[PDB]
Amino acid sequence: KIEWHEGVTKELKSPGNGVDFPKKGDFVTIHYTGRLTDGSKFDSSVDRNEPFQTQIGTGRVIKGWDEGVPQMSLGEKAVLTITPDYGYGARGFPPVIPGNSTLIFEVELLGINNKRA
């Protein structure tokens, strides 16, 4: 029951091109839907009808994303299971994320440095 990983695991739901992978410092465009372990949604870029953009692997986002997203190919639909340490830790992110929360992100990599899928 005890698994050994850095703090994030990826579940490939739908494959991308299998060629273009986000490298450290690249700008990615992702449609995400974040849920808790109970399955309840706390946030989604779909809610705003606006794909999320950020620089990956530079400490902009949580550690689970900086280590999870580069494992995805351009166009891939996957699910990221993120431990609290790769998430928001014991402090969490009130009033949105409780302390010591395992985060589950449905992520679709739409673009890598303005190269879309």
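Numbering starts at 1 and follows the sequence shown.
Sorting the modelled residues of the chain by their CA temperature factor places residue 66 in the lowest third. In this PDB entry, the Cα temperature factor of residue 89 sits in the bottom third of its chain's modelled residues, the lowest group. When the modelled residues of the chain are ordered by C-alpha B-factor, residue 58 sits in the middle third. Among the modelled residues of its chain, residue 117 has a C-alpha B-factor that falls in the highest third according to the deposited record. Per the deposited record, the Cα B-factor of residue 107 falls in the middle third when ranked against the other modelled residues of its chain.
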